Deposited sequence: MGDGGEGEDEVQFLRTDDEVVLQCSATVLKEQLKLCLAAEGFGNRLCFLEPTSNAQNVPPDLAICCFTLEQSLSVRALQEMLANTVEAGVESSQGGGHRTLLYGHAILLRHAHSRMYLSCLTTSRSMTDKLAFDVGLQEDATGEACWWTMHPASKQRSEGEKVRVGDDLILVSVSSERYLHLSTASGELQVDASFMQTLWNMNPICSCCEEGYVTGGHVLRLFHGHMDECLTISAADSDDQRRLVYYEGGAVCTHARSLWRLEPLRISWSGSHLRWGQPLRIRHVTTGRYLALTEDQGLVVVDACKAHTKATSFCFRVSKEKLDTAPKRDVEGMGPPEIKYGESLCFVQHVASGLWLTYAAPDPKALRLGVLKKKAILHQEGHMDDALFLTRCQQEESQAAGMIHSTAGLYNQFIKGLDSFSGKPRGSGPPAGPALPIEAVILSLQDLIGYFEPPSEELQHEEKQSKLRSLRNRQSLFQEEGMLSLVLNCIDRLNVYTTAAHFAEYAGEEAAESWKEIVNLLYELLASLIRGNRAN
């Protein structure tokens, strides 16, 4: 059986390289908020360390002919045909893949806010005499991608990506496609509920050190700390319908860590580097009674948001996710009778906010550590991140209509809360305090220190403004 790519499918763009004499598959990645520049994410070492592949997801928003493109610029899911121009939306940041007027050392390739220009479109061509112009792009076909804007091939420099004149063969791998409505698929951000209670880790700056998992009720069910993203041990078709007993990792979104059984502490959350399969592989079980070769495609729908009750089991151990009797989660031999959980899907707005908090927090801890050493600096990214977060929290125009503004106001106040609860006020203050140890702009040595500090404060007010 063979599958074609249709518009509205989700895909990773994958290339290969022999590194240390060993072949390594890497996927096209980017951040969006904080950084627009594309980079490469290795997926070869997935069994030992999970790739951050939310950053690697691209939605095939459009596929047009040269004639259809030229016409649309002046002014039902389609199948991808060779010689077509495509529009790729970064699933994470909602930004489009495009080749940029800048160059760093051939152009640079990254993301742009709108799909307005010709920069964000790419025509796909056969990498072989095996395929013709106008023929359906098959899943697994080695292909070439030229930029409509620069007439240049997307390629891996040698590791990073650029719009060079030297070609590289790419693989478009399906993440997902049209799915059965209401069913859980991989890549989804969700909450795991127990009856008001949901599965969660502690709040920012806790003695917990954010390593332990709990069952908690109340406000948590509306906070980012209770969000988890489900990840299968697949690279291709990881966004297929989840199946009972199918092994998957459970990633905490804001923290980035992975739910794991550990030899020393039992059930904890664990850093990506330490998330080997045996430790971090879980599944959903219909029951606790004692006990399938994977398909290609969306597969059978088995788990339904809200209606399905699932017992969580650590695969390697067969232990049951359960509570101790806010109560602490543990993995246990027998578990409890009421261990069954149900899954509730997180909505886009609340979800990307949690994704932003994750990357922002990582970027700023990067900023913190370097200054600790002197007791590089990601300045371009930091001031970009800052300026982006400020636009994010920018109050709606006073000139906008009142009825819609009140709703837009609730959105802002919600975003702020999500950020505040994850200790972002503290984070920003932690940076402000670090920089103000230095007593001057020229005392620094450094050029944009005045702006980097200046912007941190501007965000602070934006995080507080009612």
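Visitor: So which bits of the deposited chain never got modelled?
Guide: Residues missing from the model, as numbered along the full deposited sequence, span 1 to 9, 85 to 96, 127 to 131, 185 to 188, 226 to 227, 324 to 327, 362 to 372, 423 to 434, 505 to 511, 533 to 536.
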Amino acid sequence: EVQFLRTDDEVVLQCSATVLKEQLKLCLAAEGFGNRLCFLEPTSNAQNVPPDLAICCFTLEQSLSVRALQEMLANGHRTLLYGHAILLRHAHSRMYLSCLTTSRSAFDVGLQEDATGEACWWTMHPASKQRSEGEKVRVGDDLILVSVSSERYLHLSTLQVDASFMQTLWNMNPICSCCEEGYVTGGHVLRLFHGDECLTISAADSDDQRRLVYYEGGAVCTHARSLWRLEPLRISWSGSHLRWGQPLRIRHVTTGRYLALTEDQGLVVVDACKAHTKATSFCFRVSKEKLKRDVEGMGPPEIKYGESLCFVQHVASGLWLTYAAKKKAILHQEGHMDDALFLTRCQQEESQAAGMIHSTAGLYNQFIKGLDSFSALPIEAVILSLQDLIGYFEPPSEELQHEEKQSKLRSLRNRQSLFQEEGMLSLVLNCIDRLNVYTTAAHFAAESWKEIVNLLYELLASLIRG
From here on, numbers count along this sequence of modelled residues.
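Visitor: Out of 235 to 243 and 292 to 300, which stretch has the higher average CA B-factor listed in the record?
Guide: Between 292 to 300 and 235 to 243, it is 292 to 300 that shows the higher mean C-alpha B-factor.
Visitor: Mind pulling up the entry and telling me whether 411 to 419 or 24 to 32 has the higher mean Cα temperature factor?
Guide: In the deposited entry, the stretch with the higher C-alpha B-factor mean is 24 to 32.
Visitor: Per the coordinate record, which of the options 315, 310, 354, 371 holds the highest CA temperature factor?
Guide: Each of 315, 310, 354, 371 was compared by C-alpha B-factor; the highest is 371.
Visitor: By the entry's C-alpha temperature factors, tell me which of 440, 63, 59, 426 sits highest.
Guide: 440 has the highest C-alpha B-factor of those listed.
Visitor: Quick check for you: using the entry's CA B-factors within this chain, is residue 196 in the lowest, middle or highest third?
Guide: CA B-factor rank for residue 196: lowest third.
Visitor: Lowest, middle or highest third: where is residue 185 by C-alpha B factor in its chain?
Guide: It belongs to the lowest third of the chain when residues are ordered by C-alpha B-factor.
Visitor: Ranked by Cα temperature factor within the chain, is residue 139 in the lowest third, the middle third or the highest third?
Guide: Answer is middle: the recorded C-alpha B-factor places it there.
Visitor: When the modelled residues of the chain are sorted by Cα temperature factor, does residue 108 land in the lowest, middle or highest third?
Guide: It falls in the top third of the chain.
Visitor: Considering only modelled residues of the same chain, in which third does the CA B-factor of residue 224 rank: lowest, middle or highest?
Guide: For residue 224, the deposited C-alpha B-factor lands in the lowest third.
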